[PDB]
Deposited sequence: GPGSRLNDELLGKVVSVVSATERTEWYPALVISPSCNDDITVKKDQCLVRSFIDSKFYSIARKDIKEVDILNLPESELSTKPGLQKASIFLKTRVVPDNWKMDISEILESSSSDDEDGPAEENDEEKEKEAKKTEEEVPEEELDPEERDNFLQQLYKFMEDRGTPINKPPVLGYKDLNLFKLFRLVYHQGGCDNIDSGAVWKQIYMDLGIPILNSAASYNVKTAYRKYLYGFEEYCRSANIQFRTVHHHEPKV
C-alpha cells in the first residue's frame, strides 16, 4: 500500500497463482477504486490484462515492475501482453476492458466517439469490480448523462476537491435538469459516489484520460 503508491499506474508482470512458472501483465491501480477488495502493506491492487479482473497481490508475486524489453518470441503468442505493451506506450485501453456499446443499450457531445469509449470502459469496469450497472442510471427523473457528470466534477477539481453542497447543486443544474428541489445537491453527490467515483479513482491512477475532459486535441 505504500508499495501500492510507489507502483501506481505501472504496467507490471505478475506471477500466476495457478502456475508458478507462468505470469500475466497487470496494471497497478488505486485501492480507492474498489471497495470489495482489501489491500494491506506490501500488497498492490492490479487489473489483469488477461481476464480484466482485479486482484490484490503481494510483493513476492511481482515478477517485474515493468514489461519492458521483452523478446519478440514472448509477445508473438501472448495477445494480452501485446495489449499491455500498447497500453504502456500509447494508452489504448484493450477491447476486453470495454463493454460493447450495444450491450449498454451524440447530438450534444463534441466528441461522441470519446463519449462511447468512456461509457464502454465505465460499464466494463463496473462489471469487473462487481457493482455492475444493471439499469440505466437516473437523476432528476431523467436518464443520467454519465460522461457529462464526470466532466462537470472534473472541472470542479474532482470529487474529493468538492467541499460545498452548493457546488453539487450547481453541477445538478449544469446537467440540464430543469427542476431543483432541496435534495438535488445530496442526490447528485450520491449518484456520483455510486456510479462514477470508483471509476474516477481508477482512471486517474491508471493514467487514463478522455478528450474534452482532461485534455483537448483541436487539430485531430
task = Would you mind checking the deposited sequence against the model and listing the stretches with no C-alpha coordinates?
result = 1 to 3, 109 to 138
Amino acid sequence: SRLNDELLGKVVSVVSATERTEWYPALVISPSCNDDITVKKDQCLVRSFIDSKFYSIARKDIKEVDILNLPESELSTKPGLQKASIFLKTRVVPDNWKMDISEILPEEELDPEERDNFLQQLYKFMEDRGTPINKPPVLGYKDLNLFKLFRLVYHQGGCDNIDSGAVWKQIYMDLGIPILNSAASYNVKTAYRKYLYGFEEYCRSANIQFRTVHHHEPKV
From here on, numbers count along this sequence of modelled residues.
ask   = Between 75 to 83 and 96 to 104, which has the higher average C-alpha B-factor in the PDB entry?
value = 96 to 104
message = Mean CA temperature factor from the deposited coordinates, higher in 35 to 43 or in 178 to 186?
response = 35 to 43
remark   = Note to self: of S205, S16, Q209, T212, the C-alpha temperature factor tops out at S16
inquiry  = Highest Cα temperature factor in the entry, among the options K124, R115, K89, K135: which one is it?
reply    = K135
inquiry  = Ranking every modelled residue in this chain by its Cα temperature factor as given in the entry, which third contains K63?
reply    = highest
request  = Would you mind ranking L110 by its C-alpha B-factor against the rest of the chain and naming the third, lowest, middle or highest?
outcome  = highest
message = Quick check on the deposited entry: does the C-alpha B-factor of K148 sit in the lowest, middle or highest third of its chain?
response = lowest
inquiry  = Splitting the chain's C-alpha B-factors into thirds, which one does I50 fall into?
reply    = middle
task = Compare the C-alpha B factor of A191 with those of the other modelled residues in its chain, then answer lowest, middle or highest third.
result = lowest
